[PDB]
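Below: one protein chain in two forms, given as structure tokens, structure 1 then structure 2.
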Structure 1
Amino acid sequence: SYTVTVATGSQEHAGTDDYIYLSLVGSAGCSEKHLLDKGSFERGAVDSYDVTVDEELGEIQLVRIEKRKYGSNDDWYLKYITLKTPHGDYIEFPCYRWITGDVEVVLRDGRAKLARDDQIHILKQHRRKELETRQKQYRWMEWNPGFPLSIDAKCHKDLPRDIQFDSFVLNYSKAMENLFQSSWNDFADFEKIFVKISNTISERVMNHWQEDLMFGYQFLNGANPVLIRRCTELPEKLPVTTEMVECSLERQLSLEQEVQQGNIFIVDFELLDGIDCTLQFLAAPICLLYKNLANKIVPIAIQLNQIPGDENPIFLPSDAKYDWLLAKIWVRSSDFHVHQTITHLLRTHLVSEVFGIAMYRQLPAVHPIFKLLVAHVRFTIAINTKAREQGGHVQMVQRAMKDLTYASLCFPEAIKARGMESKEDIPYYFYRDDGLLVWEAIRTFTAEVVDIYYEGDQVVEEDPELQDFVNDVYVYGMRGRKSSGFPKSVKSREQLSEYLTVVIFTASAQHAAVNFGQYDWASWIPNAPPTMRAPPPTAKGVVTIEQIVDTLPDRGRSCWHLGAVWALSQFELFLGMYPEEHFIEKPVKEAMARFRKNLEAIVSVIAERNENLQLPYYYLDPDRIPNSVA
């Protein structure tokens, strides 16, 4: 007598009323199709059955689930199935899939298996037929020329039910309704709404956004701290002199000497150079920054376009108040657009989707890498499709593709390439510090999982599904661009560990850092103008508060930009939380546990650090890092 346990999901529509047939597949034969008829399958419910089988099945290999339409189609989310055999064996079959009535689902037991592990027909056929199905279901498509490839789906509902997301034209509605308690006339001015809705940081930004210290602070610990790099030599396009900035320098060194000492930093928006209300794209600023005596980064010079000239002045903190202020606003404007389109959209969302699609196409559910990654990438596809389904930013993505390299996705390596690695030359870079801690924890975790399933480098290289996975990413996701630096194949356990870390870190930690600071730093519009309604100033001394108000977005229109950021504020599975148990084996369960302990240690490290800070950095606190881009 077999004891069969079927667990239904707890999503709103997890439950089904349809007919459920179940049969077992053993080495010595198959049982017949048993209708699970008693009651129905309700959300959150677990259902157990006693099933007497005719013949000896041998060792159970597979479980066949069939959903027969009963009335209208009622989608059914199956978490897992367990078996208690008459021989006393306890077998678990992970599923975590939406089941429709148009097909039959077949599950392996929870133990993770490489292709070289399966040498009997029953297992080889299932594995091969599953990939065949995957590769019809999940296909590549070019949404826009030059873009990384994404899922072949025009809309969200055209996605396989498996990767569909239960379910921001709404957010708009959310902000509006929830906001009201106000009057309809509050929408005439965003600031009328702002004081009603302020967190600690945004209120700080409203009061201090005009300060050079806060301006420079954001390049390190703001919503988009990935642009700043150490300047080893003054670019010809920026004809700044010691005399121009002497007032800012504090070490009795010339500008040139400060550069050699590694005290000069630069943010260069040449990505915005050549782009076509569109006016924000008239600028492609170069911001020069200085590490003062207190080891704080402050702006010392700003040129709003790339080509130096009489129509393109170098603005300084010694200029008229409103000259300097408007220059900074333009840099904040540029940082905002790069952050939204490049740092956020391209380098976390689209990248994660590439990994997700390649995973589904090339890795069967039983593969250890599927079990590992599925929690971090699964819903990136649906979310990206929703964003897609409802010109300058397109050009930006195209131009940034050249810079989308594998090396730039490896955190420690990326920090280094920007010359920002030194903790002692740049002590107040909290995104770096926390980033490195989290990256190291994921690196340790992935490495352990790899060592458990891959006995040595040779096993990695000879894993055909892993090789196709990597190859799909390189050829399709990254368009086979050689300069991308992505591996065509993975030949060692270390290389594999690093690659998996790239995927998980990008979808979780990196995304959290560049996403969850959006409201803190962008809710006060003047610090993050989504649009600019006037061209950059082309002369010194002519700027007035009128021109600044005319350049900034309309006060009323800003309510909507504010609403968006705040509604999004309102909203989870966090890093290390794996309630969906694809892995069922003791060794990997122990690695997961060690992962969570390493994370908790980082949580304490960060907490203790934040108490000594005037403006705490909590974006990379593992307690707040989601598993995926969700």
Structure 2
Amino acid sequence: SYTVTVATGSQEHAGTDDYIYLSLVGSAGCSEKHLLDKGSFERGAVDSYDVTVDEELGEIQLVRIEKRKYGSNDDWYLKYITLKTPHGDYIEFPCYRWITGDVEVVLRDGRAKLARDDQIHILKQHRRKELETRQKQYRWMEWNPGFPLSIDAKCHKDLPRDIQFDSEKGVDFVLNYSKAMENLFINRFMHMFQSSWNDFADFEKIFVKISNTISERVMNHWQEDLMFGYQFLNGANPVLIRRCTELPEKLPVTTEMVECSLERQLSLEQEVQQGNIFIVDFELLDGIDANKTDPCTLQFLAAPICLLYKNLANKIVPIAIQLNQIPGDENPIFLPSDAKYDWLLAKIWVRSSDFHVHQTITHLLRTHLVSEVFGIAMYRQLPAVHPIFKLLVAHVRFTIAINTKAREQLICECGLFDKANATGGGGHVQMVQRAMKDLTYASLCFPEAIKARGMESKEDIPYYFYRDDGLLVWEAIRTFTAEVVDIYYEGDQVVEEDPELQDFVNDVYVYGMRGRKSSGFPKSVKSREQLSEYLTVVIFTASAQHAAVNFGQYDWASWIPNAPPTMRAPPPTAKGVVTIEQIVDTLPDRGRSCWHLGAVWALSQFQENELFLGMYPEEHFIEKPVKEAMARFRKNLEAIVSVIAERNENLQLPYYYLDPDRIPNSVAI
């Protein structure tokens, strides 16, 4: 007799009352269909049955599951099935899928296999038919012109059940944003799009009720040059600043203009040569359409150039700001020596520009859309039994779902994104298109990305915590993927000859990245080392990178003056005119402020049962060597947690974002 154990998921709607039939596919043969229990498989339940067979089957190759309607359709989430055979063998069959009753589900045992491992028809047939089904199920589509290709579905409910959120409205922008505004006691402002705050105190009264540790600090110090500069290294969008190797001709700033800022008795030009000058250049925003979806509110964008300076205390501070790209009499170079509110407003404009690039490029394009490309390629080209599928499936969990929700509710035409954002209404689509033209594989390789911006020296630039922690997590993942690769690939030739791996890599290149020559993405992978790097790009982007740029949004943007989602007047074209009252009226109205707060709060939340880096409750892998690799991965992450903990004890303002205990496995929000 076989002992057959069936485990139902613990999600809300995991249970089913329908009929479940099970049969066993063996070498010598097959078993008859067996109806199970005629009862209910409740959520969280494990059901085991005693099954005697009418024939000796030999070694079990596959388990088939079939769900038939009893009443109405009732989704069933199947975690796994295990067998205890007459011969005393214990076999596990990982599933972790929604069974809708539409189709039969056929499972391999959990041992990871390359195509070259399968030689008998039973297995080859199953493998090929699985991929045929996958490629009918998961298809590419161009959502907007020039975008990376994404899933062929126009709304969340159109997705295959297997890649939907566990609930339909569980993670939902419309609902989550509105609940957020309720929790922040700002519900009453949700429509006040024509009302400015009376003054900073007016917003402050609203804000102190809902501030956390960091945003309260921002409230108290946002006007300081030190805190302005700090954010380029350790804020929510610490990926733009680079070391200037020569002053741009489009920024005609002189030593005499910034002499008061310089502390080494050197000319500006010589400070550049010493590597003490840094720059943030928002040329990408130049020519982007401003939000016009509200005809009663004019909104405005800039494209600033910010020149920064590493002072004697090794802090990077702003010394000059030109708010538009082309120099001229109506495009002043503002300085910390200007009138109080001239310099402040200039900084605010830079902060606003930083927020635009963060939301659409750093966050949306470079973590969300990228991760969806890897995910779709994975589903299309890698069967469940493949070791790379088992490795990566955990790191694209809910990614296609959250992205489809966004395209359905947030960033579509007339979506929520259009309410508060100056780039809303088409501008954000333009940014993605233009950034895509310059998106490279190298720029996703963390250590290379840091060096490409000239920010790698810990000696010259000691307070770049995003860099430090990022490098540690990157290496931890690189070590882990390398061990996994070495377990299932005996050499480089085996990697090169893996046809499914090549098709995976090829799908990312041709469809995901549109077959763009300058993308730098591999067309194929032909060594264990190259494969390891590739897998690290996928996992790091999906986990660490997304965490670093996502979960600090409320911390840094909740005090709106430090991250305005829009501006209601053009950049000042002259000095000595701006007043504090004008600034208040330029900042977002109460309405757009409300939606802004709601959004950045909602996006910064962890789920109650969030899965963090290295947590793999879904045992797709069942073999001991890889389990031990995972164990070492976890131990390495713990060591990093301690490193970061000790580093943060000596900081004015702890940088927590890349603490592995706080890094989710995947892009899920």
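We call the rigid core whatever largest set of C-alpha positions still superposes within 1.5 Å between the two forms. Numbers given to residues start at 1 and step along the sequence of structure 1.
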query	finding
Candidates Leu282, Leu238, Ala400, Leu83 - which moves between structures 1 and 2, C-alpha at least 2 Å, core fixed	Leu282
Core-superposed comparison between structures 1 and 2, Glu440 Cα displacement 2 Å or beyond	no
Post core alignment: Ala188 C-alpha displaced by 2 Å or more between structures 1 and 2	yes
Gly556 C-alpha shift between structures 1 and 2 of 2 Å or more, rigid core reference	yes
Core-fitted comparison between structures 1 and 2 - CA shift at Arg378, Å	2.9
